[PDB]
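Colleague: Sending over a structure as structure tokens; questions will come in a sec.
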Amino acid sequence: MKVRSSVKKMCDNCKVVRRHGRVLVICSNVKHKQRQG
Amino acid sequence: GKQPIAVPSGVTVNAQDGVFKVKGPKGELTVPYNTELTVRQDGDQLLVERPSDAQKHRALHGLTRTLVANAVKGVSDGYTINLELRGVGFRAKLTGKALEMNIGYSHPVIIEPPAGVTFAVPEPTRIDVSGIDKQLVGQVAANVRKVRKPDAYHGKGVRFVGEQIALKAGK
Amino acid sequence: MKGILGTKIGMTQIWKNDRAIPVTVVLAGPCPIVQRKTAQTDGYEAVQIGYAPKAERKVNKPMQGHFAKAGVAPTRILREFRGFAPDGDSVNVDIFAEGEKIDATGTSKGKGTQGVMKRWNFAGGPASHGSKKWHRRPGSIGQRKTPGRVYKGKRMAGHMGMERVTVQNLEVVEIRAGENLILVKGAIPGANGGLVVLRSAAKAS
Amino acid sequence: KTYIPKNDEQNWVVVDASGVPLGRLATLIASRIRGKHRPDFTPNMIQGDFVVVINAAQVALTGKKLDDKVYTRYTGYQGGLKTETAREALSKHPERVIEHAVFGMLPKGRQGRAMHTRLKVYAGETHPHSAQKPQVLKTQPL
RNA sequence: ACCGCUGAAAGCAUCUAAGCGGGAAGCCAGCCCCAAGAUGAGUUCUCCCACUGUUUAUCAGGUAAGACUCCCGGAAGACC
RNA sequence: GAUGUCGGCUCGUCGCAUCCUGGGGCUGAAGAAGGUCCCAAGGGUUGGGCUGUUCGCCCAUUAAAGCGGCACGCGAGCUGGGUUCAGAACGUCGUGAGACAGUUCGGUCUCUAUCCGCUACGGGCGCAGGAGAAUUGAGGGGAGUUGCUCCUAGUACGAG
RNA sequence: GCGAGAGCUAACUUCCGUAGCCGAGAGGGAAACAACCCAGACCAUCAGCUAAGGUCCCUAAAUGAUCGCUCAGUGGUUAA
């Protein structure tokens, strides 16, 4: 999991989602797994 | 936006109040919704209409329909998911209705189906969770798919037959 | 739950097979039943047993009635036990069984007013390299202009002992009914002649 | 020259807390207690009727009854005596959720305290009516 | 934290905005000890019971149940 | 018309930007062992040698051998090794008296606690009779650690 | 506060210019509080209108009216 302040796409997958007051990043690949929190 | 509504024979809706009550051949099922969420049957088919249209609304909208349409194929055809046990010595037996895992753990894993679910096993290497409520089934085949996820090097443990599990591949 | 009153009596040596074991000989005399509390009278379920006897010439008038209210015979000690019952009077026969683990609960021998080295261990200090705070005396009570006081609970001298205590899970080694005698492994609280209460494991392994 | 006091009065009202927004309700309770449309309407001492609340357990909040509403409570020398609970967490004692949100909207002085005395909540309903043998003018909120 | 079921708004997809579940030496309960001066001062069992004193001595005074005083002790304790 | 100074010792308690134990994502993660980011402060965090030390280096261990705060926590609590009195010495500066980035041996650290606070223990009164005794539990406190061996299994895994 | 030097366009920092206030200023407001905001106390009065500020309850006064904005507790501690 990657908690980064600046969260953005990293390939034509990265699906920026919004679960409980948080900005997430689900990509078909994992190393792209992001999350401001 | 969603509107079509196949309400085949077996059914029996009862929009009485907010408890959009239902009854079919598989067993009377009940699903609540939003009151200001406008819906009932017109002519033959059915439809859930809506007041305002943009978000706070068109969402519950696209929710309810999908939801009721479920109770349909619900009491109409009943639901059943098919799981796959995979890996060396992985195997499920049973006990009454109790799903019985056997997946590498120093001691066996027993799983018990809740109030309206049923376990079945063909070859102690394939599984099945049938039932009435589309949710629970999913909401439980999960609990079974969880007793052991597939690994990134051999994709073992329970999975979804036509499951796509590529392998990292190590040494 | 279950339980009965008793008197400590002393410890001694005893071999169970080839392993000598120290044991605290307790006497849990037969106990009377002088009042059944029920979550319908006292709002809660429980029992009142009695212990040592007492001459009626000592027995207050009111106390007589309470005991007479069950026709028992003035004891001199009464104690409650939650969620218990039986019919008649409570003895250890059948109650505790050889092998059961129990929680003996007497009253610690009273140590009077004790320092910190003794009541809380502390460490006092020196004994030779400069002093006036030889061994005992606590070091410092706090910090400075912050928490310009001392905390609530700081350990300091005080009356040590004379407190209720409970030493859990004791193995009832032997049991001599016909003598309301019982033998427990290990040491029970308080001194001989003291009232000890033996119950079932408060919560055991 | 201004008016004086009375006494031989003790209006015994019974407000209902059901579904109503705790706060609002509270303010109301806190109102009458201290002095509503007031008799001699005076400071010195209280003439503010006696309040009986039923239910309580079914009072009402909004976004937070899990989040935000955290009734804190710091015991002994605060050697980490930081004890707090979610309001929903006050399902053990709804009774206090109210009772302890009103003693706030009430003077805090000598008299002030003697004023929680007249507030008298009950987590129930009809059963509560038992601890109720005097008047009972049910003056619900609004 | 993290993993999820059913799933719209974006006819797909989504742990989610309706909803539902799993989940930490931590939190609350649980264990042992204190505890109604919890002045909102609780509960239960038992005992003693309704004395005397004329607007001149308006309330105290015999007493019940019970207890203190005091004596002799104590595994209780500085004194209490 | 005085807020005692470095370091120890004693006594603790708090934050988390967690040192170890707990849970988790990703790993270039086979397993075992690790890296790293997230959540998480319940509790725990060893004994020696050198130095006044803090620090740090080192011996032997450990699950670990956290970092900081509280007048660089704590002298009406102890020490007094350190350094900012009087003696004396060396080097150095000064014609000198004296001086010092310095170094070195020596050198009285004040029985009596009033208010708050704190630990124990009593007396009063109160709790709508006067008494004996048995309790409910509002609330509050204490405790909350970790290794190793065995078993499963020489399995899963792995060319081994 | 405004205009500059200094200083890290740091400090209840420092030095000038300039206006106001405290100093020599009570009263209302700003929870509390020199100088910020309103306003300058001759004494007496259970009389009245207003400023800055305010009008759920702790306090005096519309939980006011109408059209909107945000579900964060933003409101009730900063930024790329």
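Colleague: Can you confirm whether residue C:35 is polar (S, T, N, Q), within 11 Å of RNA strand F (Cβ to nearest atom) and surrounded by fewer than 18 Cβ atoms within 10 Å (Cβ to Cβ)? If you could, list the steps in order and put the result at the bottom.
Modeller: Working: polar (S, T, N, Q): yes; within 11 Å of RNA strand F (Cβ to nearest atom): yes; surrounded by fewer than 18 Cβ atoms within 10 Å (Cβ to Cβ): no.
Criteria not met by residue C:35.
Colleague: Follow-up. For segment B:22-35, which residues satisfy the criterion of being over 19 Å from the mean Cα position of the chain (by Cα) and surrounded by 13 or more Cβ atoms within 10 Å (Cβ to Cβ)? Explain how you work it out, then say what you get.
Modeller: Step one: filter segment B:22-35 for residues over 19 Å from the mean Cα position of the chain (by Cα), giving B:34-35.
Hit for segment B:22-35 is B:34, nothing else.
Colleague: Additional query: Being free of Cβ contacts under 8 Å to residues at least 60 places away in the same chain and either touching a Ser or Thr at 6+ places or on another chain (Cβ under 9 Å) or among the acidic types (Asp, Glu) (or both) is the filter here; which residues of segment C:13-51 pass it? Even if it seems obvious, please write down each step before you answer.
Modeller: At the first step, the residues of segment C:13-51 found to be free of Cβ contacts under 8 Å to residues at least 60 places away in the same chain are C:13, C:15, C:17-20, C:32-50.
Passing the criteria: C:18, C:32, C:33, C:34, C:42, C:44, C:45, C:46, C:47, C:49, C:50.
Colleague: Next question. Among the candidates C:57, C:144, C:119, C:149, single out the residue that is touching a residue at least 12 places away in the same chain (Cβ under 8 Å), away from RNA strand G (no atom under 16 Å from the Cβ) and out of contact with any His (no Cβ under 7 Å at 6 or more places or on another chain).
Modeller: Working: C:57 fails: touching a residue at least 12 places away in the same chain (Cβ under 8 Å); C:144 fails: touching a residue at least 12 places away in the same chain (Cβ under 8 Å); C:149 fails: touching a residue at least 12 places away in the same chain (Cβ under 8 Å).
The match here is C:119.
Colleague: Search segment C:90-110 for residues that are under 17 Å from residue C:183 (Cβ atoms) and pair each with any residue that is of a type in the set (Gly, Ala, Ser) and surrounded by 19 or more Cβ atoms within 10 Å (Cβ to Cβ) when their beta-carbon atoms are under 7 Å apart and the residues are at least 6 apart or on different chains.
Modeller: What qualifies is C:92/C:28; C:106/C:190.
Colleague: Among the residues of segment D:33-61, what is the count of those that are within 12 Å of RNA strand G (Cβ to nearest atom) and crowded, with 16+ Cβ neighbours inside 10 Å?
Modeller: So the count comes out to 6.
Each row is one residue, and each column tells you yes or no for (1) hydrophobic (A, V, I, L, M, F, W, C); (2) within 14 Å of RNA strand G (Cβ to nearest atom); (3) over 19 Å from residue D:21 (Cβ atoms); (4) without any contact (Cβ under 8 Å) to a residue 40 or more places away in the chain.
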{"position": "D:63", "(1), (2), (3), (4)": "no, yes, no, yes"}
{"position": "D:86", "(1), (2), (3), (4)": "yes, yes, no, yes"}
{"position": "D:102", "(1), (2), (3), (4)": "yes, yes, no, no"}
{"position": "D:111", "(1), (2), (3), (4)": "no, yes, yes, no"}
{"position": "D:117", "(1), (2), (3), (4)": "no, no, yes, yes"}
{"position": "D:133", "(1), (2), (3), (4)": "no, no, yes, yes"}
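Colleague: Could you identify the single residue in B:24, B:62 that is part of a loop (DSSP other than H, G, I, E, B) and small (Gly, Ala, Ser)?
Modeller: B:24
Colleague: Would you mention how many residues in segment C:143-169 are on the phi > 0 side of the Ramachandran plot and within 14 Å of chain D (Cβ to nearest Cβ)?
Modeller: 2
Colleague: Here is a list of conditions, (1) out of contact with any helix residue (DSSP H, G or I) (no Cβ under 6 Å at 6 or more places or on another chain); (2) within 14 Å of RNA strand G (Cβ to nearest atom); (3) not charged (D, E, K, R), and residue D:30 meets all of them except one; can you say which number that is?
Modeller: Unmet for residue D:30, out of (1) out of contact with any helix residue (DSSP H, G or I) (no Cβ under 6 Å at 6 or more places or on another chain); (2) within 14 Å of RNA strand G (Cβ to nearest atom); (3) not charged (D, E, K, R): (1).
Colleague: Considering each residue of segment D:42-56, count those that are over 13 Å from the mean Cα position of the chain (by Cα) and in contact (Cβ under 8 Å) with a residue 24 or more places away in the chain, and give that number. Steps first, answer last, please.
Modeller: Step one: filter segment D:42-56 for residues over 13 Å from the mean Cα position of the chain (by Cα), giving D:42-47.
Next, from what is left, pick out any that are in contact (Cβ under 8 Å) with a residue 24 or more places away in the chain: D:42, D:44-47.
Looking only at that region, the number is 5.
Colleague: Could you list, in sequence order, the residues of segment D:16-27 that are more than 10 Å from RNA strand G (Cβ to nearest atom) and part of a strand (DSSP E or B)?
Modeller: Selection gives D:16 alone.
Colleague: Would you pick out the residues in segment B:65-117 that are in a strand (DSSP E or B) and among the small types (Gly, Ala, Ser)?
Modeller: First pass over segment B:65-117, keeping only residues in a strand (DSSP E or B): B:79-81, B:84, B:95, B:98-100, B:110-111, B:117.
Within segment B:65-117, B:98 is the sole residue that qualifies.
Read the figures in this text as sums done on the coordinates, not as results from a lab. When we count neighbours, we look across all protein chains shown, and the Cβ atoms used for this are built from the backbone with ideal geometry, even at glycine.
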